[PDB]
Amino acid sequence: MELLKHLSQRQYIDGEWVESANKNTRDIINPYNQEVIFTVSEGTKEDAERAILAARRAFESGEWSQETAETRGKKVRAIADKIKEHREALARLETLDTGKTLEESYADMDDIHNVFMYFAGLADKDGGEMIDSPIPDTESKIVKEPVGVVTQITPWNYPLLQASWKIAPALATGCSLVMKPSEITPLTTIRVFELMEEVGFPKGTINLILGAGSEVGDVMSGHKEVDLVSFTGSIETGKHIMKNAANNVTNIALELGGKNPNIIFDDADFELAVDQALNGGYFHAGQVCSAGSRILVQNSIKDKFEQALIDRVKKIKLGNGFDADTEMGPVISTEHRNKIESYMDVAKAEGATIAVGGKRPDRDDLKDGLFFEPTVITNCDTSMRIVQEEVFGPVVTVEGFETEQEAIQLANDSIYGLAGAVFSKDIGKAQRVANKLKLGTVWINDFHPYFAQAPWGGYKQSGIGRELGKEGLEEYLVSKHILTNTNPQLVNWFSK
């Protein structure tokens, strides 16, 4: 609440904080109590176009695109320092907006700092290659250039984190960007723009559009001047975006959902598996793309595991993200909670069992909030929708498997392939499994970790491209082969 007293309420376009073209606004809600906490501009599609054209003009002027990579790196480092300096405030702002615990928000800010720092350090390390030309008397080189104008669209679950993954490499490479956060959670994204403005970037290099994807999204994906669309969100929106981007053969980087398996063998450290099954399923109320919603447990320990998990789920402390006792916060919106509730009806209807949870909590201090009980669904199989689809709530399904081959089959039996885990003390076995899983990230005896040093993204329908790591940077670069003939000779193919 104090934090918002000086926070900007507007969009940032072509170096100026401006309102929506039609002065329209939107109320931002705190999911803990559903109170309106802040009011921001609700931009129009013309605002998005104007931002894009400004990014284009700025890119062509070359003030940022022709700046030395070393200097661009120092600026990105400066942004990183700002994140660390305002770490406390940013974490509170994110907990206020998304509802997750304050400790989870602090960890985000540490990651974000590191994300910017990583890309700041990578900026001046690889400018292309020299090729040994197969043509005598020619020089061949590949220069890597910033792709140009980039649109960046993020989700509401980890707003600033997902924003950092896009902004950092865009600025490091010299691109101009136009970013639009989830309409429902713009707070930390607004704040980071204020911070980037303080660091100082050329007019038009960075732009912030605030609005609903349904209104402004198509301009951002289908405008002719966009060279790349980087999107993190749901599969249906990503498909739509890709179809639209095709109108101008615009490259896309998509970071979509997952149906991430958490494979638990009987030779796994049992208490560790239970601990990590809870972590995997319920951090941020399961509103995490890396969530371990699909638990695969070996039959010999399935019954014992289900019991232990259920018993633990019954003790999970729900509450306000600002209270240190809180272990799980509310879900993001009314709409989202409704989808979760409909999924419970779907599960019962297909023949599955709600072993625990599956409803709103009764407790007094939670009535006003968008809470939903941590849930465990049993007696289910791969043919069911509750197992195949991304619920994105505090819900997990438990399936049994007999053999190592069967666990692999089940784990890969989904349209997705973002991330997953394998728990077993037999490391050789965990490696065999990891190798056969069609997942962008595989954890052996762990669950959730990602970091700037390594690429993150999907196999199959969890995405296209990668974020983080050197590959994350490559989404923002384009190669140019400049071939110079040092002893040009007439070919005389067409008779003189």
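So that there is no doubt, residue numbering starts at 1 and follows the sequence shown.
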Higher average CA B factor in the deposited record is what I'm after, so tell me if that's 243-251 or 335-343.
335-343
Residue range whose averaged C-alpha B-factor is higher in the record, 143-151 or 359-367
359-367
Highest recorded Cα temperature factor - choice among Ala349, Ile131, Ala107, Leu208
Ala349
Of the residues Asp111, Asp227, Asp381, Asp137, the one carrying the largest Cα B-factor as recorded
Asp381
Among the modelled residues of its chain, the C-alpha B-factor of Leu187 falls in the third labelled middle
Position of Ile13 among the chain's modelled residues by C-alpha B-factor, lowest, middle or highest third
middle
Third of chain Cα B-factors occupied by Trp456
lowest
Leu272 by Cα B-factor - lowest, middle or highest third of the modelled chain
highest
Ranking every modelled residue in this chain by its Cα temperature factor as given in the entry, which third contains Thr39?
highest
